[PDB]
Amino acid sequence: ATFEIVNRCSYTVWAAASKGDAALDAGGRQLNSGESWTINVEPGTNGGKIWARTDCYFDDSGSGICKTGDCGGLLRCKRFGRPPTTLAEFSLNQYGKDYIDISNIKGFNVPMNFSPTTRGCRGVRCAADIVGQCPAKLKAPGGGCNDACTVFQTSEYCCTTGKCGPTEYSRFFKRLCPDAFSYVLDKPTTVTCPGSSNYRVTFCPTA
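So, how was this worked out
- Residues numbered from 1 in each chain as written, not as in the entry; some residues may be left out.
- Heavy atoms only, no water.
- UniProt positions renumbered as here; feature names shortened; annotations may be inferred.
- Disulfide = S-S within 2.5 Å.
- Helix = DSSP H or I, 4+ residues; strand = E, 2+ residues; numbered from the N terminus.
- 1 Å grid on protein atoms, 1.4 Å probe; cavity = no way out; pocket = protein on both sides within 12 Å on 5 of 7 lines; lining within 4 Å.
- Points joined across faces, edges and corners; volume = space filled by probe spheres on them.
- Core = buried A, V, L, I, M, F, W, Y, C linked by side-chain atoms within 4.5 Å.
- Buried < 20%, exposed > 50% of the residue type's maximum accessible area, 1.4 Å probe, protein only.
- Contact = heavy atoms within 4.5 Å.
- Pairing = 2+ DSSP bridges.
- Axes fitted to C-alpha atoms, helices over the stretch in contact; angles between N-to-C directions.
- Polar contact = N/O pair within 3.5 Å; in protein donor to acceptor, adjacent residues only side chain to side chain.

Under the PDB entry, the name given to the chain is THAUMATIN-1, and the source organism is Thaumatococcus daniellii. The title given for this PDB entry is "Atomic resolution (1.04 A) structure of purified thaumatin I grown in sodium D-tartrate at 22 C". For the chain, the Subcellular location comment in UniProt is given as "Cytoplasmic vesicle". Looking at the chain in UniProt, the text filed under Sequence similarities is "Belongs to the thaumatin family."

Engineer: I'd like to hear about the state of the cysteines, residue by residue, with values.
Structural biologist: In this structure the tally under the stated criterion is eight disulfides. There is a disulfide in this structure between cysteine 9 and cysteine 204, and the S-S distance comes to 2.1 Å. Because the torsion about its S-S bond is 90 degrees, the bridge between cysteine 9 and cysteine 204 counts as right-handed. With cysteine 9 in the loop between β1 (2–7) and β2 (13–18) and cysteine 204 in the segment after β13 (199–203), this pair connects stretches of sequence that are 195 residues apart.

Engineer: Before we move on, can you summarise the layout of surface pockets with the specific residues and values?
Structural biologist: The calculated volume of the largest pocket comes to roughly 190 Å³. Elements with a contribution of two residues or more to the lining of the largest pocket: α2 (148–152), α3 (155–158) and α4 (168–176).

Engineer: For the nonpolar core, give the residues involved together with the corresponding values.
Structural biologist: Counting 44 residues, the largest nonpolar core has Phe3, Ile50, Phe90, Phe114, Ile130 and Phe203 as the members making the most contacts within it. Here this core takes four residues from α4, the largest share from any one element. Excluding its chain neighbours within four sequence positions, the residues that come into contact with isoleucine 50 are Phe3, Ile5, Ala16, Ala17, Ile39, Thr86, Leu87, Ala88, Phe90, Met112 and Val201. One finds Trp51, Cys71, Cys77 and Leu87 within the second-largest nonpolar core, a separate group that totals five residues.

Engineer: Hey, could you go over the sheet that holds strand β9 (residues 112–116) for me, with residue numbers and the actual values?
Structural biologist: Strand order in this open sheet of five strands is β4-β1-β13-β9-β10, and the pairing throughout is mixed. On the outer flanks of this sheet lie β4 (36–40) and β10 (124–126), each paired with one strand and no other. Neighbour to neighbour, the strand axes of the sheet diverge by 15 degrees on average, direction disregarded. Sheet topology note: the β9/β13 ladder contains five bridges and is antiparallel. Following the sheet pairing, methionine 112 is matched in β13 by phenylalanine 203.

Engineer: Mind laying out α4, listing which residues take part and the relevant values?
Structural biologist: Buried residues of α4: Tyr169, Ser170, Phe172, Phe173, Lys174 and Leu176, and no others. Residues of α4 that are buried in the fold lie against α1 (130–133), α2, α3 and β11 (180–181).

Engineer: Describe in detail the UniProt feature "disulfide bond" in the chain, supporting the description with residues and values.
Structural biologist: With its sulfur atoms placed 2.1 Å apart, the pair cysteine 9 and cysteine 204 listed by UniProt as a disulfide is counted as bonded here, the threshold being 2.5 Å. Here the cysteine sulfurs of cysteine 126 and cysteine 177 are separated by 2.1 Å, meaning the disulfide UniProt annotates for them is intact. Taken together, the positions of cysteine 126 in strand β10 and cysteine 177 in the loop between α4 and β11 put the pair 51 residues apart, joining distant regions of the chain. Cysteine 177 matches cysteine 126 in its accessibility class, with the two residues each being buried.

Engineer: Explain the environment of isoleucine 39 to me, using residue names and the numbers behind them.
Structural biologist: By the secondary structure assignment, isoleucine 39 is in strand β4. Separated by 35 residues in sequence, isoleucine 39 and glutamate 4 have C-alpha atoms that sit 6.4 Å apart. Among residues more than four places away in sequence, those in contact with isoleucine 39 are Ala1, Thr2, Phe3, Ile5, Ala17, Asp25 and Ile50.

Engineer: Before we move on, could you go through the side chain of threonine 54 and cite the residues and values that matter?
Structural biologist: Along the chain, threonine 54 turns up in strand β5 (residues 48–58). For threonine 54, a relative accessible area of 10% gives the class buried. Within polar-contact distance, the side chain of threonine 54 engages the side chain of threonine 68 at 2.7 Å. Excluding residues that lie within four positions of it along the chain, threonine 54 makes contacts with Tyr11, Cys66, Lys67, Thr68 and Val110.

Rendered as structure tokens:
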């Protein structure tokens, strides 16, 4: 499957694509404002994610650090990124269908649209100004808006035991982006697409 990753932001993003224990395609690439990168994701991939990383500093070897979404200090990500990260999430070819969503469970950094290239299903978007509205306690000093689990590290927010429910911090994200997951046990906003669809992930969408 093809995923076209398009940066419409005024600023550079270092796009990242991983399934948690391996890169998807090259795993990461610098996208200056206005640039795009098309990757191929293998069929059957489960638990894939695409995200933006902001304010990265890499050396010639592809080693360094990003202010949001860093993946083990690498340009070419093999693992998932440090919160805060708006996440495009997908599993492909699952009983004949693909499943896509956006999540704010690990916070929000860059506004995102995640859309199929087919008319057979609809896209989802989280592009409200979450960073400008972020409560002081959730602000990340390097940019972005942390989720409350990252900040407070209690099960109330991390859903590690029992049955967590919404909180004032999950509701902050959820009201701004109803179509994105706001905590682990949020009512799902996953979209079912025809199996083997292709997609576009747009940073700073407007359309």
